[PDB]
Structure formats: structure tokens, C-alpha cells
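Participant: One structure coming up, written as C-alpha cells, with questions to follow.
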Amino acid sequence: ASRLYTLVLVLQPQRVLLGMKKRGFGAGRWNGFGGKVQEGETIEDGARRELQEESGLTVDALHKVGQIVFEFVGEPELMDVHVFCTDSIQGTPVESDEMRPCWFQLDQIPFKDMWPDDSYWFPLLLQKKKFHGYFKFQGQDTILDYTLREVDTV
Ligand SMILES: CCNC(=O)c1cc2c(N3CCOC[C@@H]3C)ccnc2[nH]1
């Protein structure tokens, strides 16, 4: 029982674009751009669509860098998150109803205002490693269990 999600990190050589989530689950934290994959679109299509809906940006290409499965205690569906990177943005990011985009220098990532699991996997993404992750949460603050490794194929 899982549901496909996307997450896109716009990672340029000395900075990364994150969006302050303004509403829904995880509001108040800086996230990458993404959401649920819809009937009738590929995972990469859905990643592109959400990046455009949430920041205005389009891209030349996305690169698959990770997969993360989230379990929330008491929730029947696992989140199957397909994580992509890009450094070919077209446009200037703009605020949407859902996200307030801001650039962060790579030594000033706002980890204390991010999901706690980010402290584990986001560095792998920054190191250009591909990864598979699993995090079991109780609520939004507590990681009960996790697994994390690098992989050759996502
Ligand atoms: C480095 C940027 N990191 C994230 O953007 C990020 C999002 C996220 C998360 N949620 C759950 C609710 O739907 C949105 C998202 C898939 C749960 C746990 N860790 C997360 N990290």
C-alpha cells in the first residue's frame, strides 16, 4: 500500500533552492518541490509539473538520484518518494500558494527548519551519491526507525 510522490532539488554548484511550505502536511519547513504523482503522467512528468506549479520553473532535464519510503504511524499508505536533482532551471523562481522559494548556500542549509531525515540523506544528494532510504515516523518530529544506503541504480 504505497503512493507515488516526487521531490525535486534544484542544486547549482554553490547553492540549492528550497521552498518554505506554506500549507498542508509539513508546512513550516523548507522542502524541495514535489507532490503526488497523478493518473496519466510519468513520475518524471509529475516532478516537472509540481516544480512548475510550486516555483514557476521549468527545466531541461531531471536526474533521478534517490528513492525514499516514508511510513507514518497510523497511516495506511506508505509514501514512495522519487527524488530528482537538476541544474538546468529555466526561469526565475516565484512564490506560489504552496511554496515560498529561497536560495541557500550549501554551507547554510537550514536543517533545523527541515524534516529531520534530511540531515541523513540530503548530504548524500549533495555529495552526488544515489541513495535508497526508509524512515518510519511518529508524527512529524520523531524518527522511530530508518535504513539508508547508497546505490548504483535508483
Ligand atoms: C531536502 C528537502 N527535503 C524535503 O523536501 C522533504 C520532504 C519530506 C517529507 N514530506 C512528507 C509530506 O509530503 C511532503 C514530503 C514528501 C517527509 C520527510 N522528509 C522530507 N523531506
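In the C-alpha cells, each chain is lettered A, B, ... as it comes, each chain's residues begin at 1, and ligands are numbered from 1 in order of appearance.
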Residues contacting ligand 1 - anything with an atom at most 10 Å away, using only C-alpha atoms and all ligand atoms - can you give me those as a VMD selection string?

Facilitator: chain A and resid 4 to 9 16 to 21 24 to 27 29 to 36 68 to 72 79 to 83 109 to 111 114 to 123 125 to 126 134 to 137 140 to 141 143

Participant: Rank A:41, A:54, A:145, A:60 by their smallest atom-to-atom distance to residue 89 in chain A, using only C-alpha atoms, and report the top residue only.

Facilitator: A:60

Participant: One decimal, Å: what's the distance from CA of residue 49 in chain A over to CA of residue 65 in chain A, could you say?

Facilitator: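 We find that CA of residue 49 in chain A and CA of residue 65 in chain A lie 18.0 Å from each other.
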
Participant: Work out how far CA of residue 22 in chain A is from CA of residue 43 in chain A, in Å to one decimal.

Facilitator: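 Interatomic distance, CA of residue 43 in chain A to CA of residue 22 in chain A: 23.7 Å.
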
Participant: Please identify the strand (DSSP E or B) residues within range 26-152 of chain A (assignment by DSSP from backbone atoms) and present them as a PyMOL selection string.

Facilitator: chain A and resi 30-31+33+36+58-59+63-72+78-86+89-90+99-105+130-138+142-151

Participant: Set the distance at 10 Å and use only C-alpha atoms: which residues neighbour residue 59 in chain A once local chain neighbours fewer than 5 positions away are removed? I'd like the list as a list in words.

Facilitator: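 The filter keeps residues 10, 48, 51, 52, 86, 87, 88, 89, 90 and 91 of chain A.
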
Participant: Keeping N, CA and C atoms for every residue in the selection just given, could you write it to a file as a PDB file, in the first residue's frame?

Facilitator:
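Output below, filename out-v2.pdb:
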ATOM      1  N   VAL A  10      16.734  21.623  -6.756  1.00  0.00           N
ATOM      2  CA  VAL A  10      17.412  22.422  -7.765  1.00  0.00           C
ATOM      3  C   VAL A  10      18.738  22.765  -7.129  1.00  0.00           C
ATOM      4  N   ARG A  48       8.254  17.383 -12.855  1.00  0.00           N
ATOM      5  CA  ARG A  48       8.264  18.626 -13.622  1.00  0.00           C
ATOM      6  C   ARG A  48       7.023  19.491 -13.389  1.00  0.00           C
ATOM      7  N   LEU A  51       7.201  21.116  -9.823  1.00  0.00           N
ATOM      8  CA  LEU A  51       8.211  22.130  -9.797  1.00  0.00           C
ATOM      9  C   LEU A  51       7.623  23.384 -10.436  1.00  0.00           C
ATOM     10  N   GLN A  52       6.903  23.209 -11.549  1.00  0.00           N
ATOM     11  CA  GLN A  52       6.314  24.404 -12.251  1.00  0.00           C
ATOM     12  C   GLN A  52       5.182  25.048 -11.473  1.00  0.00           C
ATOM     13  N   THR A  86      18.352  18.722 -10.323  1.00  0.00           N
ATOM     14  CA  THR A  86      18.554  19.411 -11.573  1.00  0.00           C
ATOM     15  C   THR A  86      19.430  20.642 -11.364  1.00  0.00           C
ATOM     16  N   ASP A  87      20.147  20.993 -12.426  1.00  0.00           N
ATOM     17  CA  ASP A  87      20.900  22.212 -12.523  1.00  0.00           C
ATOM     18  C   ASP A  87      20.683  22.788 -13.893  1.00  0.00           C
ATOM     19  N   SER A  88      19.467  22.722 -14.415  1.00  0.00           N
ATOM     20  CA  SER A  88      19.201  23.383 -15.707  1.00  0.00           C
ATOM     21  C   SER A  88      17.868  24.111 -15.655  1.00  0.00           C
ATOM     22  N   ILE A  89      17.725  24.985 -14.658  1.00  0.00           N
ATOM     23  CA  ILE A  89      16.451  25.663 -14.486  1.00  0.00           C
ATOM     24  C   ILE A  89      16.305  26.698 -15.584  1.00  0.00           C
ATOM     25  N   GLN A  90      15.055  26.960 -15.951  1.00  0.00           N
ATOM     26  CA  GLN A  90      14.699  27.921 -16.953  1.00  0.00           C
ATOM     27  C   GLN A  90      13.673  28.729 -16.198  1.00  0.00           C
ATOM     28  N   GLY A  91      13.942  30.020 -16.093  1.00  0.00           N
ATOM     29  CA  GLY A  91      13.100  30.944 -15.365  1.00  0.00           C
ATOM     30  C   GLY A  91      13.704  31.443 -14.067  1.00  0.00           C
TER      31      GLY A  91
END

Participant: Kindly give the distance, in Å, that separates CA of residue 130 in chain A and CA of residue 76 in chain A, rounded to a single decimal.

Facilitator: 27.5 Å
